[PDB]
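J.: Sharing structure_8.cif, mmCIF, C-alpha atoms and all ligand atoms:
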data_model
loop_
_atom_site.label_atom_id
_atom_site.label_comp_id
_atom_site.auth_asym_id
_atom_site.auth_seq_id
_atom_site.Cartn_x
_atom_site.Cartn_y
_atom_site.Cartn_z
CA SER A 1 25.53 2.57 19.42
CA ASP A 2 22.53 0.21 19.47
CA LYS A 3 22.48 -2.93 17.38
CA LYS A 4 20.23 -5.93 16.68
CA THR A 5 22.12 -8.96 15.33
CA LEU A 6 20.83 -12.11 13.70
CA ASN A 7 23.05 -14.85 15.19
CA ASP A 8 23.40 -17.16 12.17
CA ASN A 9 26.89 -17.98 10.90
CA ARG A 10 25.92 -18.99 7.32
CA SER A 11 26.07 -17.18 3.97
CA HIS A 12 22.32 -17.82 3.51
CA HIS A 13 19.63 -17.00 6.09
CA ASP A 14 16.80 -19.41 5.12
CA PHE A 15 14.61 -20.97 7.81
CA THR A 16 11.69 -23.37 7.93
CA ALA A 17 8.50 -21.99 9.50
CA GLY A 18 8.57 -22.64 13.23
CA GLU A 19 12.42 -23.02 13.37
CA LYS A 20 14.02 -20.91 16.12
CA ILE A 21 15.99 -17.84 15.02
CA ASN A 22 18.48 -16.35 17.53
CA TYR A 23 18.81 -12.58 17.95
CA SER A 24 20.77 -10.37 20.26
CA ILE A 25 19.91 -6.76 21.02
CA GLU A 26 22.53 -4.36 22.38
CA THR A 27 21.38 -0.97 23.70
CA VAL A 28 23.26 1.85 25.35
CA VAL A 29 22.40 2.70 28.97
CA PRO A 30 23.10 6.45 29.41
CA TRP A 31 25.48 7.84 32.03
CA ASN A 32 22.53 9.54 33.78
CA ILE A 33 20.10 6.59 33.83
CA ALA A 34 19.80 6.78 37.64
CA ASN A 35 18.17 10.20 37.30
CA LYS A 36 15.58 8.89 34.80
CA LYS A 37 12.29 7.02 35.40
CA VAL A 38 12.16 4.23 32.88
CA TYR A 39 14.11 2.40 30.18
CA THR A 40 12.03 0.75 27.45
CA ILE A 41 12.93 -1.61 24.61
CA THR A 42 10.27 -2.29 21.99
CA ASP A 43 10.66 -5.08 19.44
CA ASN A 44 8.68 -4.62 16.20
CA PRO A 45 9.20 -7.68 13.93
CA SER A 46 8.33 -7.38 10.25
CA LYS A 47 5.30 -9.33 9.07
CA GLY A 48 6.00 -13.05 9.06
CA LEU A 49 8.30 -12.97 12.09
CA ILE A 50 7.01 -13.79 15.57
CA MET A 51 9.08 -13.03 18.65
CA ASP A 52 8.99 -15.53 21.52
CA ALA A 53 8.52 -13.30 24.57
CA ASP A 54 9.26 -16.19 26.94
CA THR A 55 12.81 -16.48 25.54
CA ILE A 56 13.99 -12.99 26.56
CA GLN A 57 17.14 -12.84 28.68
CA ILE A 58 19.13 -9.78 29.70
CA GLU A 59 22.79 -10.31 30.64
CA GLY A 60 23.39 -9.39 34.31
CA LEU A 61 19.74 -8.50 35.04
CA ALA A 62 17.30 -10.91 36.77
CA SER A 63 13.79 -11.46 35.41
CA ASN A 64 12.26 -9.86 38.52
CA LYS A 65 13.88 -6.47 37.65
CA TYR A 66 11.89 -5.83 34.47
CA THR A 67 8.51 -6.48 32.84
CA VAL A 68 7.89 -8.17 29.50
CA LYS A 69 4.64 -7.49 27.62
CA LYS A 70 3.59 -9.30 24.44
CA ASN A 71 2.26 -6.90 21.78
CA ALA A 72 -0.27 -7.15 18.96
CA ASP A 73 2.34 -6.92 16.15
CA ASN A 74 3.89 -10.18 17.52
CA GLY A 75 6.66 -8.14 19.11
CA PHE A 76 7.11 -7.20 22.75
CA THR A 77 8.01 -4.37 25.15
CA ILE A 78 10.59 -4.66 27.94
CA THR A 79 10.07 -2.06 30.70
CA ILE A 80 12.91 -1.52 33.20
CA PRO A 81 12.58 0.87 36.19
CA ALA A 82 15.57 3.16 35.72
CA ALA A 83 16.83 2.56 39.26
CA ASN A 84 17.46 -1.10 38.39
CA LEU A 85 20.05 -0.04 35.78
CA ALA A 86 22.19 2.18 38.03
CA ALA A 87 25.10 -0.30 37.78
CA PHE A 88 24.89 -0.29 33.96
CA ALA A 89 25.27 3.50 33.61
CA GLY A 90 27.41 4.22 30.53
CA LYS A 91 27.48 0.53 29.50
CA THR A 92 25.80 -1.62 26.83
CA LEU A 93 22.84 -3.76 27.87
CA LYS A 94 22.66 -7.12 26.07
CA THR A 95 19.35 -8.89 25.51
CA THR A 96 18.97 -12.21 23.74
CA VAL A 97 15.67 -13.45 22.32
CA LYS A 98 14.37 -16.05 19.90
CA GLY A 99 11.84 -15.72 17.13
CA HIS A 100 10.37 -17.82 14.35
CA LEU A 101 8.61 -17.47 11.02
CA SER A 102 4.82 -17.89 10.78
CA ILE A 103 3.39 -17.21 7.34
CA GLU A 104 -0.22 -16.05 7.22
CA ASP A 105 0.37 -14.24 3.85
CA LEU A 106 1.95 -16.30 1.05
CA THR A 107 3.30 -13.17 -0.70
CA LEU A 108 5.92 -13.22 2.11
CA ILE A 109 7.55 -16.42 0.85
CA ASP A 110 10.95 -15.66 -0.76
CA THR A 111 10.96 -12.14 0.76
CA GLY A 112 13.46 -10.79 3.30
CA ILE A 113 11.99 -10.40 6.80
CA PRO A 114 13.94 -8.26 9.32
CA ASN A 115 13.59 -7.82 13.07
CA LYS A 116 13.55 -4.23 14.39
CA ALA A 117 13.94 -2.76 17.88
CA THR A 118 13.96 0.66 19.51
CA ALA A 119 15.20 1.67 22.97
CA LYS A 120 13.80 4.71 24.75
CA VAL A 121 14.84 6.54 27.89
CA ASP A 122 11.86 8.28 29.46
CA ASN A 123 10.30 9.87 26.33
CA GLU A 124 13.53 10.17 24.25
CA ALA A 125 13.83 7.42 21.65
CA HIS A 126 17.06 6.10 20.21
CA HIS A 127 17.28 5.31 16.50
CA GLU A 128 15.48 2.12 15.51
CA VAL A 129 17.83 -0.75 14.70
CA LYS A 130 17.29 -3.62 12.31
CA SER A 131 18.77 -7.14 11.99
CA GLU A 132 19.70 -8.95 8.82
CA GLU A 133 16.77 -10.36 6.87
CA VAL A 134 15.73 -13.99 7.07
CA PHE A 135 13.95 -15.87 4.30
CA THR A 136 11.79 -18.94 3.78
CA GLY A 137 11.03 -20.78 0.56
CA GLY A 138 8.66 -23.30 -0.92
CA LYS A 139 7.60 -25.33 -3.94
CA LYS A 140 4.52 -25.63 -6.15
CA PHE A 141 3.30 -28.85 -7.80
CA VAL A 142 0.65 -30.00 -10.30
CA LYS A 143 -0.81 -33.52 -10.41
CA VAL A 144 -1.25 -34.66 -14.03
CA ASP A 145 -1.99 -37.74 -16.17
CA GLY A 146 1.26 -39.44 -17.20
CA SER A 147 0.18 -39.97 -20.83
CA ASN A 148 -1.52 -36.58 -21.18
CA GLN A 149 0.31 -34.01 -19.11
CA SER A 150 -2.27 -31.34 -19.97
CA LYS A 151 -4.83 -33.23 -17.86
CA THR A 152 -4.80 -32.06 -14.23
CA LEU A 153 -6.19 -34.44 -11.57
CA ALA A 154 -8.33 -33.89 -8.45
CA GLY A 155 -8.37 -35.94 -5.27
CA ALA A 156 -4.67 -36.78 -4.92
CA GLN A 157 -3.25 -36.50 -1.40
CA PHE A 158 0.46 -35.90 -0.80
CA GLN A 159 2.55 -35.92 2.39
CA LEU A 160 5.74 -33.85 2.89
CA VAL A 161 8.69 -36.09 3.80
CA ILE A 162 12.46 -36.24 3.85
CA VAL A 163 14.35 -39.00 2.10
CA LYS A 164 17.90 -40.26 2.58
CA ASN A 165 19.74 -43.36 1.38
CA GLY A 166 16.71 -44.54 -0.55
CA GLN A 167 14.29 -44.42 2.42
CA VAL A 168 11.76 -41.99 3.88
CA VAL A 169 13.62 -40.93 7.04
CA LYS A 170 11.37 -38.13 8.39
CA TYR A 171 7.77 -36.99 8.09
CA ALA A 172 6.72 -33.38 8.29
CA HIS A 173 3.99 -32.26 10.70
CA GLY A 174 2.29 -28.83 10.88
CA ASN A 175 2.19 -26.08 8.24
CA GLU A 176 3.61 -22.67 7.25
CA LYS A 177 1.56 -20.78 9.86
CA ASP A 178 1.71 -23.12 12.85
CA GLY A 179 5.26 -24.24 12.03
CA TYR A 180 6.67 -27.58 10.87
CA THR A 181 8.39 -30.32 12.81
CA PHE A 182 10.11 -33.29 11.14
CA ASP A 183 10.41 -36.64 12.93
CA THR A 184 10.15 -40.40 12.47
CA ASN A 185 6.43 -40.53 13.45
CA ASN A 186 4.31 -41.47 10.37
CA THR A 187 1.08 -40.07 11.85
CA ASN A 188 -0.55 -36.61 11.70
CA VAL A 189 1.57 -35.95 8.63
CA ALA A 190 1.46 -32.59 6.79
CA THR A 191 -0.72 -33.38 3.75
CA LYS A 192 -2.32 -31.53 0.84
CA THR A 193 -5.18 -32.56 -1.46
CA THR A 194 -5.61 -31.51 -5.10
CA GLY A 195 -8.74 -29.94 -6.58
CA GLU A 196 -9.70 -30.04 -10.25
CA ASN A 197 -6.73 -27.86 -11.28
CA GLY A 198 -4.30 -30.45 -9.83
CA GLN A 199 -2.46 -27.77 -7.80
CA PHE A 200 -0.76 -28.10 -4.45
CA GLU A 201 2.21 -26.64 -2.66
CA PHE A 202 4.36 -26.68 0.47
CA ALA A 203 5.54 -23.24 1.62
CA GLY A 204 7.66 -22.15 4.59
CA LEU A 205 10.59 -24.51 3.94
CA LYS A 206 14.31 -23.76 4.18
CA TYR A 207 16.46 -24.29 1.04
CA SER A 208 17.54 -27.84 0.12
CA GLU A 209 21.15 -26.68 0.55
CA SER A 210 20.39 -26.22 4.31
CA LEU A 211 19.23 -29.85 4.79
CA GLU A 212 21.49 -32.42 6.46
CA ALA A 213 23.98 -34.19 4.17
CA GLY A 214 22.31 -36.74 1.88
CA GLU A 215 18.73 -35.58 2.65
CA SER A 216 16.17 -34.41 0.09
CA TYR A 217 12.66 -33.10 0.33
CA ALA A 218 10.05 -35.32 -1.36
CA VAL A 219 6.28 -35.60 -1.63
CA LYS A 220 4.71 -38.99 -1.00
CA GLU A 221 1.33 -39.80 -2.54
CA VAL A 222 -1.02 -41.42 -0.04
CA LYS A 223 -4.26 -41.23 -2.04
CA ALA A 224 -4.47 -41.47 -5.81
CA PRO A 225 -6.86 -39.43 -7.93
CA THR A 226 -9.94 -41.35 -9.09
CA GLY A 227 -9.07 -43.87 -11.80
CA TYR A 228 -5.32 -43.85 -11.09
CA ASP A 229 -2.76 -46.09 -9.42
CA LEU A 230 -1.07 -44.99 -6.18
CA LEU A 231 2.56 -43.99 -6.95
CA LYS A 232 5.05 -46.52 -5.56
CA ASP A 233 7.81 -44.09 -4.67
CA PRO A 234 8.17 -40.51 -3.32
CA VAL A 235 8.77 -37.60 -5.71
CA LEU A 236 11.93 -35.57 -4.99
CA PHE A 237 12.06 -31.79 -5.16
CA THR A 238 14.44 -28.93 -4.43
CA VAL A 239 13.78 -25.60 -2.69
CA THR A 240 16.01 -22.71 -3.74
CA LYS A 241 15.82 -18.94 -3.48
CA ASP A 242 12.77 -17.78 -5.45
CA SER A 243 11.65 -21.35 -6.34
CA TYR A 244 8.17 -20.47 -4.99
CA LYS A 245 7.50 -16.86 -5.92
CA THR A 246 8.59 -16.99 -9.56
CA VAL A 247 6.10 -19.60 -10.82
CA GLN A 248 2.34 -19.40 -11.06
CA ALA A 249 0.67 -22.36 -9.37
CA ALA A 250 -0.37 -23.85 -12.75
CA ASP A 251 3.35 -24.02 -13.66
CA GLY A 252 4.32 -26.12 -10.61
CA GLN A 253 6.49 -29.25 -10.87
CA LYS A 254 4.41 -31.82 -12.77
CA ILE A 255 3.84 -35.17 -11.11
CA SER A 256 2.72 -37.97 -13.47
CA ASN A 257 0.05 -40.56 -12.57
CA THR A 258 -0.90 -43.80 -14.32
CA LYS A 259 -4.45 -45.07 -14.89
CA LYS A 260 -5.67 -48.20 -13.07
CA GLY A 261 -8.50 -50.73 -13.57
CA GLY A 262 -11.68 -50.50 -11.49
CA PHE A 263 -13.39 -52.91 -9.09
CA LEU A 264 -16.80 -54.58 -9.27
CA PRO A 265 -19.24 -53.21 -6.61
CL CL B 1 -5.27 -29.21 1.03
NA NA B 2 19.36 -4.75 25.19
NA NA B 3 15.37 -11.25 10.73
#
What would you get if you wrote out this structure as structure tokens?
Ligand SMILES: [Cl-]
Ligand code: NA
Ligand code: NA
T.:
Amino acid sequence: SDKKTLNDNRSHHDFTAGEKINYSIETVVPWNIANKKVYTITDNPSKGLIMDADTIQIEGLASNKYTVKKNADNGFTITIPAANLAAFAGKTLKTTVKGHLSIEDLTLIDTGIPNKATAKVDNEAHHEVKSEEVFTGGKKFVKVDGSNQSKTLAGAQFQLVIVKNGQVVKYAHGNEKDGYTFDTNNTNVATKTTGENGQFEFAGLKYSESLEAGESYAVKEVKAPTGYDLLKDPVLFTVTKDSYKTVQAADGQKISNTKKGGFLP
């Protein structure tokens, strides 16, 4: 029978926004396909998952034998003239495709997001199939005064970075919608600014347990709040299942700041 499989050989299925997720779709081609008109596969990803229509491949069928259309739900439709499947009569057709997470709604962080697909022969649909769920996480922070942790601070800017062996080794670029990339380029870095409530966050990150050996997430201050000294060192944090969705923003990880002297104008 039909199947859609997440190809991910881990016990946890956490991804960073933008990271490629591999799927395979297997669909039955009926014995009588040659006497039909059309074979359709429709992919309907759950909200938060985008399918990459340019990544579709069908085993044993060339790209000039079918049509791919991108759809408004971020899925796609494959249309195959039934004649082109005559040699697959009674067999399983195997499609591979990639997708990625793009979060436009923050209520989707720490929720399971499945892919779904349905094959149809002429007007007769098969049962919809669903893959395993993927997840993405995040972390919430509050910028406070070191000597009065009730006092939240505006105007702090923080970059997302990775640390290892006592050094910043990678800088994040992008965001939870557009996707993140991490590399050694310390420009165009993913950055957040605090308002008067001191709040900021980074969402759409895989769990810390999925990072390379020895690596940690950290936030690096690059602009201090007014009246405060720029922190010397990054601040480490951990992303785990439900680390984002189970705290209100005001209860984020507190980051302490120390007051500084002024200058003469
Ligand atoms: Cl911001
Ligand atoms: Na298929
Ligand atoms: Na999925």
J.: Residues near residue 194 (chain A), anyone? I mean within 12 Å using only C-alpha atoms, not counting same-chain ones fewer than 3 positions away, as a PDB file with C-alpha atoms, keeping the file's coordinate frame.
T.:
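Contents of part.pdb, as written:
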ATOM      1  CA  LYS A 140       4.520 -25.630  -6.150  1.00  0.00           C
ATOM      2  CA  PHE A 141       3.300 -28.850  -7.800  1.00  0.00           C
ATOM      3  CA  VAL A 142       0.650 -30.000 -10.300  1.00  0.00           C
ATOM      4  CA  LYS A 143      -0.810 -33.520 -10.410  1.00  0.00           C
ATOM      5  CA  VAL A 144      -1.250 -34.660 -14.030  1.00  0.00           C
ATOM      6  CA  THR A 152      -4.800 -32.060 -14.230  1.00  0.00           C
ATOM      7  CA  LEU A 153      -6.190 -34.440 -11.570  1.00  0.00           C
ATOM      8  CA  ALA A 154      -8.330 -33.890  -8.450  1.00  0.00           C
ATOM      9  CA  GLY A 155      -8.370 -35.940  -5.270  1.00  0.00           C
ATOM     10  CA  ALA A 156      -4.670 -36.780  -4.920  1.00  0.00           C
ATOM     11  CA  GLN A 157      -3.250 -36.500  -1.400  1.00  0.00           C
ATOM     12  CA  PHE A 158       0.460 -35.900  -0.800  1.00  0.00           C
ATOM     13  CA  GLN A 159       2.550 -35.920   2.390  1.00  0.00           C
ATOM     14  CA  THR A 191      -0.720 -33.380   3.750  1.00  0.00           C
ATOM     15  CA  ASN A 197      -6.730 -27.860 -11.280  1.00  0.00           C
ATOM     16  CA  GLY A 198      -4.300 -30.450  -9.830  1.00  0.00           C
ATOM     17  CA  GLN A 199      -2.460 -27.770  -7.800  1.00  0.00           C
ATOM     18  CA  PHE A 200      -0.760 -28.100  -4.450  1.00  0.00           C
ATOM     19  CA  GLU A 201       2.210 -26.640  -2.660  1.00  0.00           C
ATOM     20  CA  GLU A 221       1.330 -39.800  -2.540  1.00  0.00           C
ATOM     21  CA  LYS A 223      -4.260 -41.230  -2.040  1.00  0.00           C
ATOM     22  CA  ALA A 224      -4.470 -41.470  -5.810  1.00  0.00           C
ATOM     23  CA  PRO A 225      -6.860 -39.430  -7.930  1.00  0.00           C
ATOM     24  CA  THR A 226      -9.940 -41.350  -9.090  1.00  0.00           C
ATOM     25  CA  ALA A 249       0.670 -22.360  -9.370  1.00  0.00           C
ATOM     26  CA  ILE A 255       3.840 -35.170 -11.110  1.00  0.00           C
TER      27      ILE A 255
END
J.: Just checking: using only C-alpha atoms, which residue out of A:208, A:92, A:67, A:148 ends up closest to residue 54 (chain A)?
T.: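 Closest residue, counting only C-alpha atoms: A:67.
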J.: May I have the residues within 7 Å of residue 42 (chain A) as a ChimeraX atom specification, using all atoms listed in the file and disregarding those fewer than 6 positions away in the same chain?
T.: /A:76-78,117-119
J.: Enumerate residues in contact with ligand NA 3 (chain B): an atom-to-atom distance of at most 6 Å, counting only C-alpha atoms and all ligand atoms. Format the result as a PyMOL selection string.
T.: chain A and resi 113-115+131-134
J.: Pick out the closest residue to residue 82 (chain A) from this set: A:35, A:210, A:22, A:1. Count all atoms listed in the file.
T.: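 Among A:35, A:210, A:22, A:1, it is A:35 that comes nearest to residue 82 (chain A).
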J.: How close does each residue of chain A get to ligand NA 2 (chain B), giving the shortest atom pair and distance in Å to one decimal for every residue with an atom at most 12 Å away, counting only C-alpha atoms and all ligand atoms, sorted by chain and residue number, as JSON lines?
T.:
{"residue": "A:1", "atom": "CA", "partner": "B:NA2", "partner_atom": "NA", "distance": 11.2}
{"residue": "A:2", "atom": "CA", "partner": "B:NA2", "partner_atom": "NA", "distance": 8.2}
{"residue": "A:3", "atom": "CA", "partner": "B:NA2", "partner_atom": "NA", "distance": 8.6}
{"residue": "A:4", "atom": "CA", "partner": "B:NA2", "partner_atom": "NA", "distance": 8.6}
{"residue": "A:5", "atom": "CA", "partner": "B:NA2", "partner_atom": "NA", "distance": 11.1}
{"residue": "A:23", "atom": "CA", "partner": "B:NA2", "partner_atom": "NA", "distance": 10.7}
{"residue": "A:24", "atom": "CA", "partner": "B:NA2", "partner_atom": "NA", "distance": 7.6}
{"residue": "A:25", "atom": "CA", "partner": "B:NA2", "partner_atom": "NA", "distance": 4.7}
{"residue": "A:26", "atom": "CA", "partner": "B:NA2", "partner_atom": "NA", "distance": 4.3}
{"residue": "A:27", "atom": "CA", "partner": "B:NA2", "partner_atom": "NA", "distance": 4.5}
{"residue": "A:28", "atom": "CA", "partner": "B:NA2", "partner_atom": "NA", "distance": 7.7}
{"residue": "A:29", "atom": "CA", "partner": "B:NA2", "partner_atom": "NA", "distance": 8.9}
{"residue": "A:39", "atom": "CA", "partner": "B:NA2", "partner_atom": "NA", "distance": 10.2}
{"residue": "A:40", "atom": "CA", "partner": "B:NA2", "partner_atom": "NA", "distance": 9.4}
{"residue": "A:41", "atom": "CA", "partner": "B:NA2", "partner_atom": "NA", "distance": 7.2}
{"residue": "A:42", "atom": "CA", "partner": "B:NA2", "partner_atom": "NA", "distance": 9.9}
{"residue": "A:43", "atom": "CA", "partner": "B:NA2", "partner_atom": "NA", "distance": 10.4}
{"residue": "A:56", "atom": "CA", "partner": "B:NA2", "partner_atom": "NA", "distance": 9.9}
{"residue": "A:57", "atom": "CA", "partner": "B:NA2", "partner_atom": "NA", "distance": 9.1}
{"residue": "A:58", "atom": "CA", "partner": "B:NA2", "partner_atom": "NA", "distance": 6.8}
{"residue": "A:59", "atom": "CA", "partner": "B:NA2", "partner_atom": "NA", "distance": 8.5}
{"residue": "A:60", "atom": "CA", "partner": "B:NA2", "partner_atom": "NA", "distance": 11.0}
{"residue": "A:61", "atom": "CA", "partner": "B:NA2", "partner_atom": "NA", "distance": 10.5}
{"residue": "A:66", "atom": "CA", "partner": "B:NA2", "partner_atom": "NA", "distance": 12.0}
{"residue": "A:77", "atom": "CA", "partner": "B:NA2", "partner_atom": "NA", "distance": 11.4}
{"residue": "A:78", "atom": "CA", "partner": "B:NA2", "partner_atom": "NA", "distance": 9.2}
{"residue": "A:79", "atom": "CA", "partner": "B:NA2", "partner_atom": "NA", "distance": 11.1}
{"residue": "A:80", "atom": "CA", "partner": "B:NA2", "partner_atom": "NA", "distance": 10.8}
{"residue": "A:85", "atom": "CA", "partner": "B:NA2", "partner_atom": "NA", "distance": 11.6}
{"residue": "A:88", "atom": "CA", "partner": "B:NA2", "partner_atom": "NA", "distance": 11.3}
{"residue": "A:91", "atom": "CA", "partner": "B:NA2", "partner_atom": "NA", "distance": 10.6}
{"residue": "A:92", "atom": "CA", "partner": "B:NA2", "partner_atom": "NA", "distance": 7.3}
{"residue": "A:93", "atom": "CA", "partner": "B:NA2", "partner_atom": "NA", "distance": 4.5}
{"residue": "A:94", "atom": "CA", "partner": "B:NA2", "partner_atom": "NA", "distance": 4.2}
{"residue": "A:95", "atom": "CA", "partner": "B:NA2", "partner_atom": "NA", "distance": 4.2}
{"residue": "A:96", "atom": "CA", "partner": "B:NA2", "partner_atom": "NA", "distance": 7.6}
{"residue": "A:97", "atom": "CA", "partner": "B:NA2", "partner_atom": "NA", "distance": 9.9}
{"residue": "A:117", "atom": "CA", "partner": "B:NA2", "partner_atom": "NA", "distance": 9.3}
{"residue": "A:118", "atom": "CA", "partner": "B:NA2", "partner_atom": "NA", "distance": 9.5}
{"residue": "A:119", "atom": "CA", "partner": "B:NA2", "partner_atom": "NA", "distance": 8.0}
{"residue": "A:120", "atom": "CA", "partner": "B:NA2", "partner_atom": "NA", "distance": 11.0}
{"residue": "A:129", "atom": "CA", "partner": "B:NA2", "partner_atom": "NA", "distance": 11.3}
J.: Find, counting only C-alpha atoms, the residue in A:102, A:256, A:123, A:136 that gets nearest to residue 177 (chain A).
T.: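 Of all the options, A:102 lies closest to residue 177 (chain A).
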